[PDB]
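Single chain ahead, by itself, as structure tokens, in the form deposited in one PDB entry.
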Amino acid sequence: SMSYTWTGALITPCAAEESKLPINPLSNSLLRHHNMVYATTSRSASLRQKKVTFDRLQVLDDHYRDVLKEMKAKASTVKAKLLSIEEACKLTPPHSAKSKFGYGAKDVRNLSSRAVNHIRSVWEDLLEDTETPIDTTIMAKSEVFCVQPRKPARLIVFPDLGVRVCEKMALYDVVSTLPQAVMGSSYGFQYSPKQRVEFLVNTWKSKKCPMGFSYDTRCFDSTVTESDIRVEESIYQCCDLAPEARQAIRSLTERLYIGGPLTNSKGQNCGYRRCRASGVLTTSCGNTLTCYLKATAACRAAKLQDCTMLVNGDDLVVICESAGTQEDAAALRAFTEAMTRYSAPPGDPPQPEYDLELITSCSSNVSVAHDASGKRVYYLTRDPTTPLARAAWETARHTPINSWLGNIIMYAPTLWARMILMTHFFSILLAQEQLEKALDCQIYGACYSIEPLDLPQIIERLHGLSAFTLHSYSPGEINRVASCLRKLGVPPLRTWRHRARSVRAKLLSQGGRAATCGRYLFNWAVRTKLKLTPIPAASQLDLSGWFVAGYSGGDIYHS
């Protein structure tokens, strides 16, 4: 079927949209080529629509069916619990889109009579009505990027707040536990960045002669078929479920997940969707399971040897045993043809890689540096262009989610996060006297409230003390960072070092947690190094819940 059908009505904005970076007096300090930074708007919606609208092709075979049964067998061991309305409401982000039925996120979190009553009625409706397609809103996503030698806006589709809370009640436990049960070590969201690196390095070293490749599916969401979504449900149905949860999943599958009507911000009928909606609770879990199923089966059809998958939603990386240069190239092409028959055609053509550092997955790659002792330390990094472009935007405008904070946390050991992000933002927080103000950021799609002053402990717990002492980064990494700085007009190393020394001195003079930040985060800026010992508060931190499952588009808030 067609991934989408359009009536002609436009994808409209719900308010004024900004596309250019403001001439802010603080962003210029970070990067001077502000005209290279832009934010996607609804003005590019039609370009996106054209790209994601097509008739899907899907041919399933014995390998696909064999893998599916293997997956259902593992899912059969799971017992999922139904969440109470109270628990589901608590998972709702403070600024989640308000309901059109007279209440908003704040009311939901406070369990106001009107919110709870409506949510109960929506739930009862899911139990009684197994067919009525649920209405959804389609909007052009606003994301920041750097121009390339421009990307049209992504299309986000989501149902009303009332329905979102019901999804949580019926499926939050399922999407948080089932992927792990079914895919085991191949489920990427169970790993912190350091653990992902560990799994990738260990997997790579377990092969006699490793070969790996990332596989980019062309607009994954639009390639997901009605069949794929019902297969996904068949996996969920293998769980032991409360009667009402079983019905809710059945109803949500047919009324929401497989497709439904699209309405714009103005309330006009925009069209119909017959593929994956980006804004529902099962999107991350569903995409992960679907990608894993197709890829695992494709590997068998392609005769790839000893394939180890690492899947994060629609993001896939495969590491296997090489059968020789020519053989690998042929097997990869066969893999691609199999994925294409499964309705997972390639975007960027895949290529075999024989160097782990050259494989980019989840927009990142493994690289190596050295700790104070001179020992090699593996860590996760990525091209800093997008992170810096977004950091500039967030410096110029107030944004609900602070990607710069998430990036400092996830990429703390990198040369760029330490030299630029830490220096830039701690300088600003100092100047505005906002060091202790908690900020929201996202980790694997879930929203978290984090105190900047707690970064030292967080970083030590997630990355280890070496994160504060890494040096001698790889030639490849240095070149990439350097090129990015030239491209964006970011000040050179010397400028950041001078700014860091100044920021460090100020933080130290404040004592308390601020001084700890100065000591650990900026030890790289001084010659007279400080002996960095284990931070007491680090051993008392439980960040376990931070890396359990993916929730992008799931409207999830973890307090």
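All residue numbers are counted from 1 along the displayed sequence. Think of the rigid core as the biggest set of C-alphas that the two forms share within 1.5 Å after superposition.
A.B. asks: Comparing 25 to 33 with 60 to 68, which has C-alphas lying farther from the shown form in 5 other deposited structures of this protein once the core is aligned?
C.D. replies: Output: 25 to 33, the stretch lying farther off on average in 5 other deposited structures of this protein.
A.B. asks: Would you mind working out which of 352 to 360 and 475 to 483 sits farther from this form in 5 other deposited structures of this protein by RMS C-alpha distance, with the rigid core as the fit?
C.D. replies: Once the core is superposed, the stretch further away in 5 other deposited structures of this protein is 475 to 483.
A.B. asks: In a third or more of the other compared PDB entries with flanking residues modelled, does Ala538 go missing?
C.D. replies: Across the other compared entries, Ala538 is absent from at least a third.
A.B. asks: With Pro149 and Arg150 adjacent in the shown sequence, let me know how many deposited residues between them lack coordinates: none, 1 to 3, 4 to 9, or 10 or more.
C.D. replies: Gap between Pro149 and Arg150: 4 to 9 unmodelled residues.
A.B. asks: Highest mean C-alpha temperature factor of the two stretches 436 to 444 and 420 to 428, which is it?
C.D. replies: Going by the record's values, the stretch with the higher mean is 436 to 444.
A.B. asks: Between 11 to 19 and 542 to 550, name whichever shows the higher mean Cα B factor according to the PDB entry.
C.D. replies: Averaging CA B-factors over each stretch, the winner is 11 to 19.
A.B. asks: Which one, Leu111, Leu415, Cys285, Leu127, has the peak C-alpha temperature factor per the PDB entry?
C.D. replies: In the PDB entry, the greatest C-alpha B-factor among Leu111, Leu415, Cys285, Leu127 is found at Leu111.
A.B. asks: Looking at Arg164, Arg230, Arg382, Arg486, which one carries the largest C-alpha B-factor according to the PDB entry?
C.D. replies: That would be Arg486.
A.B. asks: Compare the C-alpha B factor of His370 with those of the other modelled residues in its chain, then answer lowest, middle or highest third.
C.D. replies: For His370, whose C-alpha B-factor we compare with every modelled residue in the chain, the answer is the middle third.
A.B. asks: How does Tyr4 rank on Cα B-factor within its chain, lowest, middle or highest third?
C.D. replies: Its C-alpha B-factor, which the entry lists for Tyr4, ranks in the lowest third among residues of this chain.
A.B. asks: Considering every modelled residue of the chain and its Cα B-factor in the PDB entry, is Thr495 in the lowest, middle or highest third?
C.D. replies: For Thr495, whose C-alpha B-factor we compare with every modelled residue in the chain, the answer is the lowest third.
A.B. asks: By the recorded C-alpha temperature factor, relative to the other modelled residues in its chain, which third is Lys69 in?
C.D. replies: Lowest third of the chain for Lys69's C-alpha B-factor.
A.B. asks: Please place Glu86 in the lowest, middle or highest third of its chain by C-alpha B factor as given in the entry.
C.D. replies: Tercile = highest for this residue's CA B-factor.
Not pictured, yet referred to below: the form solved in complex with a small molecule.
A.B. asks: Can you work out which of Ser76, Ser227, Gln190, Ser234 has a heavy atom no more than 4.5 Å from the small molecule in the bound PDB entry?
C.D. replies: Partner contact (heavy atom, 4.5 Å) among the options: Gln190.
A.B. asks: Note which of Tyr448, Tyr172, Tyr292, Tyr103 lies within 4.5 Å of the small molecule in the bound PDB entry, where distance is taken over heavy atoms; exactly one does.
C.D. replies: So the residue touching the small molecule in the bound PDB entry, by this definition, is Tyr448.
A.B. asks: So, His95, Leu439 and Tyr557: all three within 4.5 Å of the small molecule in the bound PDB entry by heavy atoms, or not?
C.D. replies: Judged in the bound PDB entry, none of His95, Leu439 and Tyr557 sits within 4.5 Å of the small molecule.
A.B. asks: Taking the shortest heavy atom distance, is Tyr411 within 4.5 Å of the small molecule in the bound PDB entry?
C.D. replies: The answer is yes: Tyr411 has a heavy atom within 4.5 Å of the small molecule.
A.B. asks: Within 4.5 Å, heavy atoms only: does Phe213 come near the small molecule in the bound PDB entry?
C.D. replies: Looking in the bound PDB entry, residue contacts with the small molecule do not include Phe213, since no heavy atom lies within 4.5 Å.
A.B. asks: I'd like to know whether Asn312 contacts the small molecule in the bound PDB entry, with contact meaning heavy atoms within 4.5 angstroms.
C.D. replies: Contact check for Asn312: yes, within 4.5 Å of the small molecule in the bound PDB entry.
A.B. asks: Please run the contact check for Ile443 against the small molecule in the bound PDB entry: heavy atoms, 4.5 angstroms, yes or no?
C.D. replies: Yes, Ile443 sits close enough to the small molecule in the bound PDB entry that at least one of its heavy atoms falls within 4.5 Å.
A.B. asks: For the chain seen here without its partner, which of 164 to 172, 109 to 117, 293 to 301, 358 to 366 has a heavy atom within 4.5 Å of the small molecule in the bound PDB entry?
C.D. replies: Of the stretches listed, the one contacting the partner is 358 to 366.
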